[PDB]
Number of protein chains: 2
Amino acid sequence: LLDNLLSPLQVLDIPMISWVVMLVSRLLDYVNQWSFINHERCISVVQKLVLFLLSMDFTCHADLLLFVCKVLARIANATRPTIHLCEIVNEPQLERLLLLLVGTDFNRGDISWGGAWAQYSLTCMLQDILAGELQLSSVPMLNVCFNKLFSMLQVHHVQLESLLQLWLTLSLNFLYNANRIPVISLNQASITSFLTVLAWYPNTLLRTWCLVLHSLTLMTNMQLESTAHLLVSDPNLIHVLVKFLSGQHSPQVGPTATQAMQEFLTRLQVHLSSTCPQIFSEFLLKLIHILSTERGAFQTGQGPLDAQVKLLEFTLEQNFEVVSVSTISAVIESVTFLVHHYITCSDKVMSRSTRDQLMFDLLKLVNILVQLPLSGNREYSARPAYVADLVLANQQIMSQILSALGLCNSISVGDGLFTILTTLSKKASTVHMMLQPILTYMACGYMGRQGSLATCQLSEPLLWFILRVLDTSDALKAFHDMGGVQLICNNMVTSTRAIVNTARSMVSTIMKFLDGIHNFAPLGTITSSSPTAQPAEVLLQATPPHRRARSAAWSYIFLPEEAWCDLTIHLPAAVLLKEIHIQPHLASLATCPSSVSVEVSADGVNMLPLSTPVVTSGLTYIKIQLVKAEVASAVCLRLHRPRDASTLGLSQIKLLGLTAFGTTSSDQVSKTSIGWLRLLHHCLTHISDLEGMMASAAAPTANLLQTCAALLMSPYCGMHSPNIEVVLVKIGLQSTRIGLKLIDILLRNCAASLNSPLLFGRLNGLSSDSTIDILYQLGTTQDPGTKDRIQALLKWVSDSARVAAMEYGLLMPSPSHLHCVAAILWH
Amino acid sequence: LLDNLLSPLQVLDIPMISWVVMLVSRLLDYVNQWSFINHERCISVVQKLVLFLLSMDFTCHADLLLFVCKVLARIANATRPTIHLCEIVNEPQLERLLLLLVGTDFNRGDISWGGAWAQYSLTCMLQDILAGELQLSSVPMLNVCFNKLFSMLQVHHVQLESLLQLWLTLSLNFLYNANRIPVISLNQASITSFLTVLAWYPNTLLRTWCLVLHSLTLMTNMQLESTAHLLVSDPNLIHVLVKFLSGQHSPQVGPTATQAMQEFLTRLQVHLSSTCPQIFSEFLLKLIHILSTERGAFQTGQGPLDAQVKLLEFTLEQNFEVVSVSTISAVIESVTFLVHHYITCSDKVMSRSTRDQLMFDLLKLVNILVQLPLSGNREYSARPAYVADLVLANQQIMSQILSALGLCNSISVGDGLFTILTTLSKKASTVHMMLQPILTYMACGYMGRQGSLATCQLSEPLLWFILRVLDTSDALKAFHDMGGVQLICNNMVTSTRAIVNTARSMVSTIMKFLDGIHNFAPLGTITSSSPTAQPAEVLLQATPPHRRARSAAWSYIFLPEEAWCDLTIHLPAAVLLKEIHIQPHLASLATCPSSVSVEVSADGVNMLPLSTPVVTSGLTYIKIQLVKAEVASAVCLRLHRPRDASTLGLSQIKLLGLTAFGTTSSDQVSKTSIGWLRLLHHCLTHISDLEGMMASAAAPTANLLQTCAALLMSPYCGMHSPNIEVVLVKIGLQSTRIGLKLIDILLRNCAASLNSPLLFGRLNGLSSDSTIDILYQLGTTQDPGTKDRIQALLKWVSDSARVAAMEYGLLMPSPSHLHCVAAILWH
């Protein structure tokens, strides 16, 4: 009946056909993909049903199409030798059929031919018929058709997303699995056109990308040169993966997309492993280089951080043997520049309640790369020189790394840099290779500047690294041979001139005599630029409201056109602001500001934003820490209207910091000259057998003893007094002349002998346990100068006596130093 | 006393000096900027105090420095002829003093010389001394010094941020104001080096930018060629403003930075207005072009949207006379490409609870630009041709605009495009200039493709535009002369072949006989991949929990390493999912997911992410609307851990959509061929005097009447039946032959005479009010064909009679058509 009703296709009574198709559908379904709807004569009727599907125009209706598809599938699958797709259609028919699903003459993006239900029904019918099959195989014909469909992407005759979805659906035979061999084999031209289109494809949304990654994965599993090789060897693959990784939605792509990318890369690695894994590792390194280069995704903070971190994690497990040194060095250089920028461009505030992980993973990758042995000709990682040597010889890379570590303080990004530098030192061909960049760094100031008072930036981490490099006698001897001792001694003198001591002295003491951070908000006065706003004085109260206070202490009603509310807190006097706490109304977190822009005014008149607004939606407590404490007599909080409320509710605002003086006034290597002294102490003491040499290198430098004494008589600035004492004794004893100079510095004139050192800050002849010990050791140490030393000591005694019988050192001899001279004579 | 104590500067007893300085400070303060601390001999002591400040090294202490600064300022300001800075210091001294504040040998980024309090005290002292001044003026000397300091930026001897802060502070005399003339005049070399450094400066945080903008503003107010001209004429200014505008923090810069940018641009405009405003307008257009070009900020969705919108708003108020046509056309082209990308790359979901404003403002700018008169030589906007003409002649721009409007549906971005097109038509030199791009667009398919069934995308907005362009007789005549009637008629036939009707027909009726969107969540089964998660079935309940329910209906405890929780809802059958509602626990909005990644599965096995995760922190209700309804038998919600909680709390999840059939199964121009018919009706009816011509152009096209009849007998698809009837009568009457064909189509064979039209879908001879009216009018209209028409009518009667005495049209004559023939004979 249905056969005869359709016979005109090969006048139609569409109403009678409809009744019959519905009846036949109901009978066949009484005989899961079709729940949404709730053997030669068989070939005849199914062929006619396909013709009918192909004949449907605007006079036909999608709802009938659904049943036609359902019945077609069910009949194909009901016959003993299942009817194959190649018995049902021919090539032009199959092509038109698939174009109903994917052609741009039938589908206009959001508008699909026959609607979503028709698309779905057609797909389900094709899938059912194929599955029944999986005499003549239909796969050859599907291959022809899909290769044509892929050849049609470049001219915009086929929609990428629908083609991919369809090819995935039909080739999976139904759950996706990254190890599946597609039923429908695409040819090399298809894969190439696919990559080309993707490289230029402008509208790649996330669903499209997930389809793309799943399909690339399955393509790698096709027997086409393997497809994995074709793909990785194609320049377009890098463009495509860069587009993907370069990106109110979250920047992320979410776990499923990230895992899709991982599965793709894993499949590439696996297919290339037992043949040519070097091109895969080189592809990964080229990719990372592109992402890390200036104005690239990593540098601009673009793209799905989750996918980028996953890429780095995957890359860190790869074997980089037989990789070109050019790509390795390119990635090392881009990465070191990137991480240096990252550490130097750090935001001025921090709010918490990650890109660090990405930077750390890149530094880990660099660590892996610098350890690779080089080939004989130094062009490829091998498998006794190393990539490390090329890096050490690169002055710009080493400068960037060392200054980066110089900007770190006491595993993180700084730890990553330390690990790299430690590796570089272990892998350096010679200790000189490692020392030369260190010495270059120590010989210049900020960003390689020169100048009289310009000296390089030290940090506890960088210092620890240098000490590790200077750990062996061979390293210390080389350091000496390259003029390192003179360099650190000069740097100590210079840096001591170019810093003022921030440790409190007697001015702070006189202030205290005249009467962990502290909340100054309660002392403040709070205003709003809005004339209608509720008085916010309650926000300043030292004691917050109860964590269940049902009504926000303070509320702001936004006019429908208002994006920002402002609250300015004027303090009675400037303070060193370190943190700003904002407590939103916990009971109604929808009224929390979506973001907060902090401006600070030192003079309390000219406000300056601290940073870009911090995102605060979803936070129960907003803690904005100033990385660098700022002098502030006023703080303007600009609170952005909540995402999902017209009122802003706040409980408390705290402005935490320190006063200059009073009770509320509560990395030395980075802020003082002490790091140079710690280096000098290490050189003088670490390898006793070299002390002599080091002392002789150090003793000549002008004003070194005066500076070291100054550091000795300073409040603790990151070096325990005994080490400074040891430095002073070893230099003072390395020769008689310097011994006399040290005695004169301690007892008589301790000042330096606009860029010249001065050391005016200390009274002459002051004594401490340290100077007593030093003088005792100078007196009682037995060597050629001992006599002269005693002599000078006795001179200072009689001189003092003489002045007393009538130089602040001589008008005010320390009783302790006199007693020390007596204790020396006694011994 | 203090003078004599300091006399060694020009041995120091720093303790005695400290006591004295503190006493003197207390006496002077008993005789607001210094609250943070709580006349030739005068020149002598102040000079010595400056020497002391300059002599401070690590043996001196910052706390004393504070009082030294306070006392220095107070003494300078206490003497009758205030002591001027130039009496206190000389050039090298002043330079060192300022370098204490801004030099990189004394300041290391976060580490400042003497600490924040010392920096502040030094600044306050300089400001106080200057203010007292404002015999010899100190301004010349400050000019020298600051020009030197700016010359020192390029070699990294001066920190940009501190130099800018200091120059701003000192030149303002204290509240900042964009109309202030700086006290300290910088020279051309300074401004040039400033711009150069800024162009390359890698670490420009927001405070740096605010300083930069304030200082550029004030520089424009300096009498240096005016400084405004120097700035705008400098290529670096564009690089700098692009860096600024190209950018958990909000992408925005906040109101203060945005206003700083506006003030800067306003000052540039004002300074350049009465001299050379064309270079300023050209600068604005070059800037916008750079931001809008491919891979630029606007295109990549980067930078402070608030500042970018403010830039566009500012630009929209400028006069663009005497601007080069090259820059105008460049910006028009980049902007049209951008907005086309924007409309075509729209996200697949939408969540609400803006970049549109930016796109709309760019389209407004384009609208302003296309209206500019051209100079005689067509190289510069003038002040009777227009930029509009150049745009109309640009095929790529017109294609992009028209396809963009083709993707819009019934002021927004689409309104902006419509406004532009309307302007282009009003400004076109001739109607042909406007019609040619329309006709080109109508002659091709998607992205200019060709093909048998490929036809262009129409939309209600684009259609309205075309009708407005075809409003006059001159326009309709030209449209006819260029073959537009034949084009729209062919397009109607073709598009009708290439679409299936999605309107419900009798299959939906039979389904209903066999028994605004709907929540299918309650029918679903919900699971989590986490074995420990609480059963989430409560989330599916049709009825939400009370809006004050104190305990989340469902909660998920995140393991410390878990970023995502997942909830998969399997539905009993596929549905057309249109929306996903997620109700978080309103009482505890801290437990709301920070973001939600929706995956949908049509087969309920293979999940595909819909889009990148939607940001949901701060939302009281999460409504994710699928722009394109998707078939879904399962939905996987991946909820991201809250920003500030280890538990996720949810009240309800709804999955709203439609079933294919049943009770729950509840822009035609874009999805049908009707737009072509609305155009044909407009051509045939709008200017009665042209009807003849139009009809003669339309009547020849093959299968046109069959298609128009098909559309007539279709369910309403965006065209009321009377208009279709008018089209049919006018064509059928334009000649006797076609009249006979129309009679045969209505009474006998209505089917078309894989790309050929078919129109199989309709029984022959069916009647409606419309066909009755058409046939009546054909019969009773008096003209040459009338007789033949009656004749054919009578033929159909007797033929029918004859078949009855023994073509479905003849075996089933409509009683209504027979009666209509009788009513015709009677008249």
# chains A, B, ... in the order shown; residues from 1 in each chain; ligands from 1

$ closest_atom_pairs --of "chain A" --to "chain B" --cutoff "6 Å" --atoms "only C-alpha atoms" --output "JSON lines"
{"residue": "A:35", "atom": "CA", "partner": "B:573", "partner_atom": "CA", "distance": 5.5}
{"residue": "A:36", "atom": "CA", "partner": "B:574", "partner_atom": "CA", "distance": 4.9}
{"residue": "A:56", "atom": "CA", "partner": "B:500", "partner_atom": "CA", "distance": 5.9}
{"residue": "A:57", "atom": "CA", "partner": "B:500", "partner_atom": "CA", "distance": 4.5}
{"residue": "A:58", "atom": "CA", "partner": "B:500", "partner_atom": "CA", "distance": 4.3}
{"residue": "A:59", "atom": "CA", "partner": "B:761", "partner_atom": "CA", "distance": 4.3}
{"residue": "A:60", "atom": "CA", "partner": "B:761", "partner_atom": "CA", "distance": 4.8}
{"residue": "A:61", "atom": "CA", "partner": "B:501", "partner_atom": "CA", "distance": 4.6}
{"residue": "A:62", "atom": "CA", "partner": "B:502", "partner_atom": "CA", "distance": 5.1}
{"residue": "A:63", "atom": "CA", "partner": "B:507", "partner_atom": "CA", "distance": 5.9}
{"residue": "A:64", "atom": "CA", "partner": "B:507", "partner_atom": "CA", "distance": 5.7}
{"residue": "A:105", "atom": "CA", "partner": "B:454", "partner_atom": "CA", "distance": 4.4}
{"residue": "A:106", "atom": "CA", "partner": "B:498", "partner_atom": "CA", "distance": 5.9}
{"residue": "A:110", "atom": "CA", "partner": "B:628", "partner_atom": "CA", "distance": 5.9}
{"residue": "A:114", "atom": "CA", "partner": "B:500", "partner_atom": "CA", "distance": 5.4}
{"residue": "A:175", "atom": "CA", "partner": "B:606", "partner_atom": "CA", "distance": 5.9}
{"residue": "A:203", "atom": "CA", "partner": "B:345", "partner_atom": "CA", "distance": 4.9}
{"residue": "A:206", "atom": "CA", "partner": "B:611", "partner_atom": "CA", "distance": 5.0}
{"residue": "A:207", "atom": "CA", "partner": "B:610", "partner_atom": "CA", "distance": 5.3}
{"residue": "A:248", "atom": "CA", "partner": "B:615", "partner_atom": "CA", "distance": 5.5}
{"residue": "A:249", "atom": "CA", "partner": "B:614", "partner_atom": "CA", "distance": 4.3}
{"residue": "A:250", "atom": "CA", "partner": "B:613", "partner_atom": "CA", "distance": 5.3}
{"residue": "A:253", "atom": "CA", "partner": "B:612", "partner_atom": "CA", "distance": 5.0}
{"residue": "A:345", "atom": "CA", "partner": "B:203", "partner_atom": "CA", "distance": 4.9}
{"residue": "A:353", "atom": "CA", "partner": "B:644", "partner_atom": "CA", "distance": 5.3}
{"residue": "A:453", "atom": "CA", "partner": "B:105", "partner_atom": "CA", "distance": 5.9}
{"residue": "A:454", "atom": "CA", "partner": "B:105", "partner_atom": "CA", "distance": 4.4}
{"residue": "A:496", "atom": "CA", "partner": "B:58", "partner_atom": "CA", "distance": 5.3}
{"residue": "A:497", "atom": "CA", "partner": "B:57", "partner_atom": "CA", "distance": 4.8}
{"residue": "A:498", "atom": "CA", "partner": "B:106", "partner_atom": "CA", "distance": 5.9}
{"residue": "A:499", "atom": "CA", "partner": "B:57", "partner_atom": "CA", "distance": 5.3}
{"residue": "A:500", "atom": "CA", "partner": "B:58", "partner_atom": "CA", "distance": 4.3}
{"residue": "A:501", "atom": "CA", "partner": "B:58", "partner_atom": "CA", "distance": 4.6}
{"residue": "A:502", "atom": "CA", "partner": "B:62", "partner_atom": "CA", "distance": 5.1}
{"residue": "A:507", "atom": "CA", "partner": "B:64", "partner_atom": "CA", "distance": 5.7}
{"residue": "A:573", "atom": "CA", "partner": "B:36", "partner_atom": "CA", "distance": 5.1}
{"residue": "A:574", "atom": "CA", "partner": "B:36", "partner_atom": "CA", "distance": 4.9}
{"residue": "A:589", "atom": "CA", "partner": "B:589", "partner_atom": "CA", "distance": 5.5}
{"residue": "A:590", "atom": "CA", "partner": "B:618", "partner_atom": "CA", "distance": 5.4}
{"residue": "A:606", "atom": "CA", "partner": "B:175", "partner_atom": "CA", "distance": 5.9}
{"residue": "A:609", "atom": "CA", "partner": "B:207", "partner_atom": "CA", "distance": 5.4}
{"residue": "A:610", "atom": "CA", "partner": "B:207", "partner_atom": "CA", "distance": 5.4}
{"residue": "A:611", "atom": "CA", "partner": "B:206", "partner_atom": "CA", "distance": 5.0}
{"residue": "A:612", "atom": "CA", "partner": "B:253", "partner_atom": "CA", "distance": 5.0}
{"residue": "A:613", "atom": "CA", "partner": "B:250", "partner_atom": "CA", "distance": 5.3}
{"residue": "A:614", "atom": "CA", "partner": "B:249", "partner_atom": "CA", "distance": 4.3}
{"residue": "A:615", "atom": "CA", "partner": "B:249", "partner_atom": "CA", "distance": 5.1}
{"residue": "A:617", "atom": "CA", "partner": "B:618", "partner_atom": "CA", "distance": 5.0}
{"residue": "A:618", "atom": "CA", "partner": "B:617", "partner_atom": "CA", "distance": 5.0}
{"residue": "A:619", "atom": "CA", "partner": "B:644", "partner_atom": "CA", "distance": 5.3}
{"residue": "A:628", "atom": "CA", "partner": "B:110", "partner_atom": "CA", "distance": 5.9}
{"residue": "A:643", "atom": "CA", "partner": "B:618", "partner_atom": "CA", "distance": 5.9}
{"residue": "A:644", "atom": "CA", "partner": "B:619", "partner_atom": "CA", "distance": 5.3}
{"residue": "A:759", "atom": "CA", "partner": "B:59", "partner_atom": "CA", "distance": 5.5}
{"residue": "A:761", "atom": "CA", "partner": "B:59", "partner_atom": "CA", "distance": 4.3}

$ residues_around --residues "residue 168 of chain A" --least-positions-apart "5" --cutoff "9 Å" --atoms "only C-alpha atoms" --output "list in words"
residues 163, 176, 182, 184, 211, 214, 215 and 218 of chain A

$ write_last_selection --atoms "N, CA, C and O atoms" --output "PDB file, in the first residue's frame"
ATOM      1  N   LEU A 163      28.761  19.015   9.803  1.00  0.00           N
ATOM      2  CA  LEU A 163      29.531  17.954   9.158  1.00  0.00           C
ATOM      3  C   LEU A 163      30.291  17.138  10.189  1.00  0.00           C
ATOM      4  O   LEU A 163      30.329  15.911  10.120  1.00  0.00           O
ATOM      5  N   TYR A 176      31.334   7.646  22.265  1.00  0.00           N
ATOM      6  CA  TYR A 176      32.634   8.102  21.802  1.00  0.00           C
ATOM      7  C   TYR A 176      33.753   7.560  22.681  1.00  0.00           C
ATOM      8  O   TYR A 176      33.596   7.378  23.890  1.00  0.00           O
ATOM      9  N   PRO A 182      37.245   5.299  13.102  1.00  0.00           N
ATOM     10  CA  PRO A 182      36.014   5.719  12.419  1.00  0.00           C
ATOM     11  C   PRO A 182      35.596   4.716  11.356  1.00  0.00           C
ATOM     12  O   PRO A 182      36.425   4.180  10.623  1.00  0.00           O
ATOM     13  N   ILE A 184      33.859   5.696   8.800  1.00  0.00           N
ATOM     14  CA  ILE A 184      33.978   6.468   7.570  1.00  0.00           C
ATOM     15  C   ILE A 184      35.386   7.047   7.521  1.00  0.00           C
ATOM     16  O   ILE A 184      35.718   7.958   8.278  1.00  0.00           O
ATOM     17  N   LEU A 211      33.688  19.230  19.135  1.00  0.00           N
ATOM     18  CA  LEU A 211      33.541  18.408  17.940  1.00  0.00           C
ATOM     19  C   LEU A 211      34.862  18.285  17.196  1.00  0.00           C
ATOM     20  O   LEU A 211      35.242  17.194  16.772  1.00  0.00           O
ATOM     21  N   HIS A 214      37.337  15.977  19.188  1.00  0.00           N
ATOM     22  CA  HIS A 214      36.923  14.583  19.077  1.00  0.00           C
ATOM     23  C   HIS A 214      37.198  14.041  17.684  1.00  0.00           C
ATOM     24  O   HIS A 214      37.680  12.913  17.523  1.00  0.00           O
ATOM     25  N   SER A 215      36.920  14.835  16.659  1.00  0.00           N
ATOM     26  CA  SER A 215      37.057  14.332  15.302  1.00  0.00           C
ATOM     27  C   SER A 215      38.519  14.236  14.882  1.00  0.00           C
ATOM     28  O   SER A 215      38.890  13.296  14.185  1.00  0.00           O
ATOM     29  N   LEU A 218      39.719  11.025  16.395  1.00  0.00           N
ATOM     30  CA  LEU A 218      39.314   9.845  15.639  1.00  0.00           C
ATOM     31  C   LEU A 218      40.040   9.761  14.301  1.00  0.00           C
ATOM     32  O   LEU A 218      40.329   8.663  13.826  1.00  0.00           O
TER      33      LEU A 218
END

$ residues_around --residues "residue 132 of chain A" --least-positions-apart "3" --cutoff "12 Å" --atoms "only C-alpha atoms" --output "list in words"
residues 73, 74, 75, 76, 77, 78, 79, 80, 81, 82, 83, 84, 85, 125, 126, 127, 128, 129, 137, 138 and 173 of chain A

$ residues_around --residues "segment 775-777 of chain B" --least-positions-apart "2" --cutoff "8 Å" --atoms "only C-alpha atoms" --output "list in words"
residues 729, 743, 771, 772, 773, 779, 780, 781, 817, 820, 821, 823 and 824 of chain B

$ closest_residue --among "B:560, B:472, B:650, B:378" --to "residue 537 of chain B" --atoms "only C-alpha atoms"
B:650

$ decode --residues "segment 324-367 of chain B" --atoms "C-alpha atoms" --output "compact mmCIF listing (two decimals), in the first residue's frame"
# COMPACT_ATOMS: atom_id res chain seq x y z
CA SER B 324 41.28 61.67 4.78
CA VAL B 325 38.93 59.34 2.97
CA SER B 326 41.54 56.61 3.44
CA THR B 327 41.25 56.63 7.23
CA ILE B 328 37.45 57.00 7.10
CA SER B 329 37.13 54.07 4.73
CA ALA B 330 39.61 52.01 6.74
CA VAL B 331 37.55 52.48 9.89
CA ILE B 332 34.25 51.82 8.11
CA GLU B 333 35.69 48.60 6.71
CA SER B 334 37.24 47.36 9.96
CA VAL B 335 34.06 48.23 11.83
CA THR B 336 31.72 46.49 9.40
CA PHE B 337 33.92 43.41 9.44
CA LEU B 338 33.96 43.55 13.24
CA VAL B 339 30.20 43.89 13.64
CA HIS B 340 29.59 41.19 11.05
CA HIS B 341 31.87 38.86 13.00
CA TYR B 342 30.09 39.91 16.20
CA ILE B 343 26.64 39.06 14.84
CA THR B 344 27.81 35.80 13.23
CA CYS B 345 30.00 34.58 16.12
CA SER B 346 27.26 35.01 18.71
CA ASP B 347 27.45 32.58 21.60
CA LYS B 348 25.20 29.51 21.60
CA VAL B 349 23.74 30.26 25.05
CA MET B 350 22.68 33.39 26.88
CA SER B 351 22.66 33.89 30.65
CA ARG B 352 21.50 37.11 32.27
CA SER B 353 20.81 38.27 35.81
CA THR B 354 28.33 45.77 27.40
CA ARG B 355 30.06 44.69 24.20
CA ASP B 356 26.68 45.25 22.53
CA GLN B 357 26.96 48.92 23.47
CA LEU B 358 30.45 49.07 21.97
CA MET B 359 29.31 47.48 18.70
CA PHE B 360 26.31 49.80 18.57
CA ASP B 361 28.53 52.83 19.18
CA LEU B 362 30.86 51.71 16.38
CA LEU B 363 27.88 51.37 14.04
CA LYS B 364 26.76 54.85 15.10
CA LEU B 365 30.22 56.14 14.23
CA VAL B 366 29.99 54.49 10.83
CA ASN B 367 26.59 56.11 10.37
